[PDB]
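**Q** Mind having a look at this structure? Questions to follow.
Protein chains: 4
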Amino acid sequence: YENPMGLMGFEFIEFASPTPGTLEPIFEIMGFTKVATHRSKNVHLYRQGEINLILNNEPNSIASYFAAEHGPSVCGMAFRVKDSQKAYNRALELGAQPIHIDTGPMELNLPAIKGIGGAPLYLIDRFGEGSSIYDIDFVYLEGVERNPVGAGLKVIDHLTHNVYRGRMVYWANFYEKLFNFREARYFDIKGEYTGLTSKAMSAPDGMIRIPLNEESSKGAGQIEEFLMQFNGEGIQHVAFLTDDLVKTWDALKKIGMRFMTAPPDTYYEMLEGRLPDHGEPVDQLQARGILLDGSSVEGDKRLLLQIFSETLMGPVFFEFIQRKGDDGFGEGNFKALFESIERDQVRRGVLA
Amino acid sequence: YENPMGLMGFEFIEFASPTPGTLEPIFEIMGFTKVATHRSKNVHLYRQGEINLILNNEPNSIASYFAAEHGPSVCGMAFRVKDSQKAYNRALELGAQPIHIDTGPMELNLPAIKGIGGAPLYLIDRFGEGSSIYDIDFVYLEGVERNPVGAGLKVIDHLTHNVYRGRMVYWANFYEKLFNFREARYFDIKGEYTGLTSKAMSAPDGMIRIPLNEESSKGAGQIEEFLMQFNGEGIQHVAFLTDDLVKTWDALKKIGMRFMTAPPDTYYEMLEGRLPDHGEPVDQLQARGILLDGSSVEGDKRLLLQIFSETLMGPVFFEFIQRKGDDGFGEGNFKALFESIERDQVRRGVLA
Amino acid sequence: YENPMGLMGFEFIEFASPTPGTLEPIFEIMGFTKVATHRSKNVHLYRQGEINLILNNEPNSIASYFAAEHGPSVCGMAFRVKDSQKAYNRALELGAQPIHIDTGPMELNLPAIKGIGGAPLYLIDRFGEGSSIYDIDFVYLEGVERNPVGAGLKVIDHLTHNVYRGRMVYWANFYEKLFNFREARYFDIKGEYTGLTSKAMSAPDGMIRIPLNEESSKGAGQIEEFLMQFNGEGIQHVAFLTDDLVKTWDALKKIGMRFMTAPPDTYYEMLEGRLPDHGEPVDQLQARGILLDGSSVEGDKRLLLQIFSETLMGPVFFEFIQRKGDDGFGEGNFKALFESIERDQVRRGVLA
Amino acid sequence: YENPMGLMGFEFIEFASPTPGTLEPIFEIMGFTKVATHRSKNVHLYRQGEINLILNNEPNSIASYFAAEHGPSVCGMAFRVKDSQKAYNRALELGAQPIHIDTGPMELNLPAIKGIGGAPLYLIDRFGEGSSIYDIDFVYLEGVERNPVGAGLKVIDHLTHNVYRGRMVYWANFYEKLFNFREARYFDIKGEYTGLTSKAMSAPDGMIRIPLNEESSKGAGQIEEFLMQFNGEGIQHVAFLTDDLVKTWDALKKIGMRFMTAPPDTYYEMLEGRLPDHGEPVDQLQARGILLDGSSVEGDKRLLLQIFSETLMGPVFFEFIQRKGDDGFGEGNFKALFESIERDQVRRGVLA
Ligand code: EMC
Ligand code: EMC
Ligand code: EMC
Ligand code: EMC
Ligand SMILES: [Fe+2]
Ligand SMILES: [Fe+2]
Ligand SMILES: [Fe+2]
Ligand SMILES: [Fe+2]
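So this is what it looks like as structure tokens:
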């Protein structure tokens, strides 16, 4: 697939909250470590593997207005590009809206366009060696390890957008026209009482992936609850890749992670019928509540293991995923996740 | 009611569209005349009575980005205030987000904050005589009458906001906190198959009024259909005051106005039951499809006459109102409006 | 004479000083009254007749930086123009360097270019009729008379520029090229020990006149002394037109004005020789030290009456002039002014 | 000596011209090589040893207005500091005037204040390895040697400021107050008909040195000539250090350098009388026109070898210097330089 913006994956995710001390604990429970402090702003860098999470507590700024609206949330998203000048000019030619971010003496002039819910989308062409943006804009803490391993999360795998009815098409067009993303798959998920629809959008770099979710015709489901609780469209869950989910599970549990309620025993009993010869240790999945899906087509096994945290920032939750030959998404996991969140809505008295 | 910003009424409404030549004919059909052109931008002043409508076709600006998103629409609103510097500074202390608008040589530096759907909310303290803002920022057309009467519309009476489920509270708070509006009345309107809920918000000047509308629990109605068609929250209808609605209705009709479908004969038959001694010429109302409402309490009659155009700007429609003692809104008129739009939904095949 | 920029006279002169309370007393001793205070800045409006003098005590601004360098001085100058947008854009196409001035809510965006010594040159197209720039940017003092008469000064007649050797040509070019001024007359003035050279530059409106002064080959004179005491090129004296100089002289005297030392009695004895039939009351001139000059060509008498204060603002001095048919300058008066300042040098010990 | 600004030497010098292709040849004759091109502006990097010379040909900027006024010249100067935030803040607290420079996406925000004649003075704290400003803001040419040796010029030694009469004190205070420079020496140089006065200011880092030059009482000399031809105050000559002047002379000669007329034979005949035991090969210096000075105090020899280029950019000339134990300036060399420029004045017909 052609890549006109020269997209080379996710660079960083940015966070903001109206209440001081609410994001720090979250990041620590998820295995992240504070590693540097911006040189003139009140913004901090948290890291795990190659994941860069930016904590922005800058007063009177884009981030502080965004957090007064949405609560604790993802307030920015940066993609890596080959050439920021070229990619920023191309996006303005194609109709994107520019966002100006102020900087101090000797800091970089990072370009950005408006994205989901007003959150900036940054186009960064300075990464990896020599000097990354963090080497120039930030000051590393005295003595800290600058590349912590944490609980094994490596890179950002994918993130979702929960959108109002009729806007799945709008956000598909945004990423199709500006970045040449493509609809890799379409889902129609039904729970016991409610349901949803989704389009899994993939970027041409084969790294950035963004599932776009919208409520069903019925209404009363989890997508509509998100939209009310977040006060608009936004990133509903962020997913981190790991090379070994059970091991990561054990490490997150030790430090305070809170996962979703596991599926019933029935689910684990039907795995072999559904995925003949998967090969995974059912005993270890079922003890942890891990979901298993993918295909088994004449010897060729492509699997997907997924597990979700409870909501931790307003309505936003996180996901720890391990791919074994499957580069897409799976309908059974999606359905399990969906039934889990629907039971919680009954539990809480908000549905039927 | 206390007025801490020193509000003094609406100053102007601003409109944009992505296709050139779509707004001119709508203004012309409502009785407005073009009277001036801005001195450096591609923006035009349309007037009737004391109503000032600004047509903004300035390329690569706030208004062009807003119209690419929403279609023909209301992209800006200005309020009259006693001292712009004090009101602007008090907004900014109470959390409002400032919006910067570029200006050329010798033009006014108009202050604004972000409002409904991102549309700027201006805070103007130079009006009336001596020089208004149109005297300084616009050049009147050679020989045109600078104060046209048109079809009789006088001032902007009110305008609505159609919001997403759960956001009526959000917008009520925005106006209560920054300007001290108050909820003057609550409505719960039910059609044949659908319904809505609304809060009529009143500013402390007794001039600015903004009903806030949201869809019912059942969904599928007209508010949800506006949100999808508009691509977000926005001003659903703008109402203009007239001192004589049957005369304004005849004027409007001559120059092409397209009004909604009238109520059935049954409605006009029940008027005397419901409003004993109203004193209005039923024969005139009924042939035009005008709606009559208010109260008849012990000889004190406080009436409201309303009529609505078809949708003219995407899903946005306009209202022509005459007040005869009633300063608020009427439930019976709200119902008939709602039932009429509901029947149109059924006719277009979008409802049940 | 063609007028491409639409010049229409002087609009205002701006002053600054590094010591608080040094300019106030000098304005009051020349007949000016404070009449308004800016709406957001620490800047005050001083007025007499149609002369507007702006006292700028704005901290951390162009004016504060300029006064730190030069001492009490003229830091700005504004010209009236027909259309600011056209004039400003023509200036920028002919190489003029733009100067941005910040402004608060609802204030005018005044365009300016760099002029003598970096002092901004404003281009104002809003004067007289309806609302001036003082009506929009300033708040008049409770109950003070908005148009005071003072001591009879009416308008700014002219103002000089003292320049470095070789820069008369440079400043003549600047005004010729941008506004089409012309060299109306050239002077070569010699004292007892020193001398100077000067180009009287005239604008195409018949109102703005700027004499440009430079030191002679000999050096050690009064222009060189100004340039060291002022710390650069700048406006050396500002002249105010009056319709009656002996009356203004009496008024100025009563409020504290200090005038230069008078010419010796010889001067007044030779007036008839030099200007047969001048017709002026020699007895009144001689008792006040007024200078008289011009021509007497076969009946046609074009006279000039001039008087100069002592230096009041570092090396800057002021002039009170009455024109009786002569629209230019006089060589005899220039010489007497020169000889008087030369004797002052000798008196202070700085010359020979 | 205390160093409050944390000064650590010169970082770069910047040049502009109104005529294209006038600076490229000058740099090439002086042994410099073009090594990179800015990533978004029309600015180019030239290098020799640790010397970085920036060629700024960016339209409608500070540089293009500065060049229209002064002709080919030094338009910018950058010092190295430990912390640009701290140094920039300290300089604004002490009265310096800020200068804003526009930058593109992912470029550094370089801070600067106003210096000699308006030319910016940059405060850069990013140098040496990791990434210098050139690694971030520029794009190295494909295949070129990034660190060329040229003719041996190592670093910038010093540079002068020619100032108007009475401004030696002004510029002395500027550097004393902001950066704590000190007057290391004072010269009073007389030629045959004219003379000058000078203060050698030294920075506390013992690297930055700036001799300040002003015309004598007599007038008509070479400083006054510079001021007219440059159209104001500015950098009259820039000096480059070399470890071997005779070998640098030979390589400069080869590629096109034009040196001043050497001193008469008489001057070399007297060297031994004035500097007993200097030890330098007089044959090699006299054939090349190199100037020799310093001291010979009981065995301890501190020498200075200097040679000057003809004027190459308007009235600006260059110096190639070798220090042999003398960290200051020499009065004989200054006098010989002065006599040489004076004779050229007589040759050209501008003096007596
Ligand atoms: C600076 C936008 Hg989170
Ligand atoms: C520029 C606001 Hg429609
Ligand atoms: C702000 C010009 Hg004196
Ligand atoms: C870009 C200033 Hg010479
Ligand atoms: Fe996911
Ligand atoms: Fe209405
Ligand atoms: Fe004068
Ligand atoms: Fe030198």
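Protein sequence lines, in the order shown, are assigned to chains C, A, B and D.
So the first sequence is numbered by the deposited numbering: it starts at 4 and just counts up by one.
So the second sequence is numbered by the deposited numbering: it starts at 4 and just counts up by one.
So the third sequence is numbered by the deposited numbering: it starts at 4 and just counts up by one.
So the fourth sequence is numbered by the deposited numbering: it starts at 4 and just counts up by one.
Ideal Cβ placement from N, Cα and C applies to all residues, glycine included.
(1) How big is the Cα-Cα spacing for residue 177 of chain A and residue 60 of chain A?
(2) Between the segment 308 to 324 of chain A and the segment 71 to 81 of chain A, are three or more C-beta pairs nearer than 8 Å?
(3) Let me check you understand the geometry: is the CB of residue 108 of chain A closer than 7 Å to at least one non-hydrogen atom of ligand 2?
(4) Select from the segment 32 to 61 of chain D all residues with a C-beta closer than 8 Å to any C-beta belonging to chain B, and list them in chain order.
(5) Cβ atoms of residue 296 of chain C and residue 336 of chain C: under 8 Å apart, would you say?
(6) If residue 93 of chain A and residue 210 of chain A are in contact, beta carbons under 8 Å, what's the gap, nearest whole angstrom?
(7) Starting from residue 189 of chain B, trace the alpha helix (DSSP H) both ways and give me its first and last residue.
(8) For residue 44 of chain C, I'd like the list of residues in its chain whose CB is within less than 6 Å of its CB, leaving aside the five on either flank, ordered along the chain.
(9) Would you say the beta carbon of residue 123 of chain D is closer than 7 Å to some non-hydrogen atom of ligand 4?
(10) Helix or strand or just coil, what does DSSP make of residue 116 of chain A?
(11) Thinking C-beta only, is residue 42 of chain B closer than 8 Å to residue 110 of chain B?
(12) With burial defined as no fewer than 16 other Cβ atoms inside 10 Å of the residue's Cβ, what is the status of residue 202 of chain C: buried or exposed?
(13) Can you grab the Cα-Cα spacing for the pair residue 343 of chain A / residue 219 of chain A, in whole Å?
(14) If we count the other Cβ atoms within 10 Å of its Cβ and call it buried at 16 or more, is residue 140 of chain C buried or exposed?
(15) Using a Cβ-Cβ cut-off of less than 7 Å, list which residues of the segment 141 to 162 of chain B approach chain A; keep chain order.
(16) Would you say residue 260 of chain C and residue 33 of chain C are within 8 Å of each other, going by their C-beta atoms?
(17) My parser needs the beta strand (DSSP E) runs of 3 or more residues fully inside the segment 225 to 297 of chain B; what are they?
(18) Note down, in chain order, every chain D residue with its Cβ under 8 Å from the Cβ of residue 91 of chain C.
(19) Beta-carbon within less than 7 Å of residue 101 of chain D's beta-carbon, same chain only, minus the 5 sequence neighbours each way: which residues are those?
(20) Counting only C-beta atoms, is residue 111 of chain D closer than 8 Å to chain C at any point?
(21) Check whether chain A comes within 8 Å of residue 100 of chain C, counting only Cβ atoms and requiring the distance to be less than that.
(22) Give the residues of chain D in contact with residue 128 of chain C, contact being defined as C-beta atoms less than 8 Å apart.
(23) On the criterion of 16 or more Cβ atoms from any shown chain inside 10 Å, does residue 163 of chain B qualify as buried, or is it exposed?
(24) Could you check whether the segment 292 to 309 of chain C touches the segment 322 to 336 of chain C, counting it as contact only if at least three pairs of C-beta atoms, one from each stretch, sit closer than 8 Å?
(25) At a Cβ cut of 9 Å, what residues of the segment 165 to 182 of chain D count as close to chain B, listed as they run along the chain?
(26) Short check: CB of residue 84 of chain B to CB of residue 126 of chain B, under 8 Å?
(27) Is residue 321 of chain A helix, strand or coil by DSSP?
(28) Quick check: the Cα distance between residue 200 of chain B and residue 223 of chain D, rounded to an integer number of angstroms?
(29) Keeping to the same chain, check which residues put their C-beta closer than 8 Å to that of residue 144 of chain C; ignore five residues upstream and five downstream.
(30) Kindly list the residues whose CB is nearer than 6 Å to the CB of residue 294 of chain B, restricted to its own chain and excluding five residues on each side of it in sequence; keep chain order.
(31) For residue 216 of chain A, name the three-state secondary structure that DSSP assigns.
(32) Under a three-way DSSP split, which group does residue 61 of chain D fall into?
(33) Does DSSP put residue 17 of chain A in a helix, a strand or coil?
(34) With distances taken from each beta carbon to the nearest heavy atom of ligand 7, which residues come in below 5 Å, in chain order?
(35) Listed from N- to C-terminal order along the chain, which residues in the segment 304 to 324 of chain C have their beta-carbon within a distance smaller than 8 Å of any beta-carbon of chain D?
**A** Taking the structure as given:
(1) 29 Å
(2) yes
(3) no
(4) none
(5) yes
(6) Residue 93 of chain A to residue 210 of chain A, Cβ: 19 Å. No contact.
(7) That residue, residue 189 of chain B, is in no alpha helix (DSSP H); its beta strand (DSSP E) goes 185 to 193.
(8) 61
(9) yes
(10) strand
(11) In this structure, residue 110 of chain B lies near residue 42 of chain B, with their beta-carbon atoms less than 8 Å apart.
(12) buried
(13) 17 Å
(14) So residue 140 of chain C ends up on the buried side.
(15) none
(16) yes
(17) 240 to 245
(18) 108
(19) Non-local beta-carbon contacts of residue 101 of chain D in its own chain, meaning distances under 7 Å to residues more than five positions away in sequence, involve 95 and 116 in chain order.
(20) Using a CB distance cut-off of 8 Å, residue 111 of chain D counts as an interface residue toward chain C.
(21) yes
(22) 109
(23) A residue is called buried when at least 16 other Cβ atoms come within 10 angstroms of its Cβ; residue 163 of chain B meets this threshold and is buried.
(24) yes
(25) 167, 168, 169, 170 and 173
(26) yes
(27) In the three-state reduction of the DSSP assignment, residue 321 of chain A falls in the strand class.
(28) 17 Å
(29) 37, 38, 39 and 40
(30) 309, 336 and 339
(31) strand
(32) coil
(33) strand
(34) B:242 and B:322
(35) none
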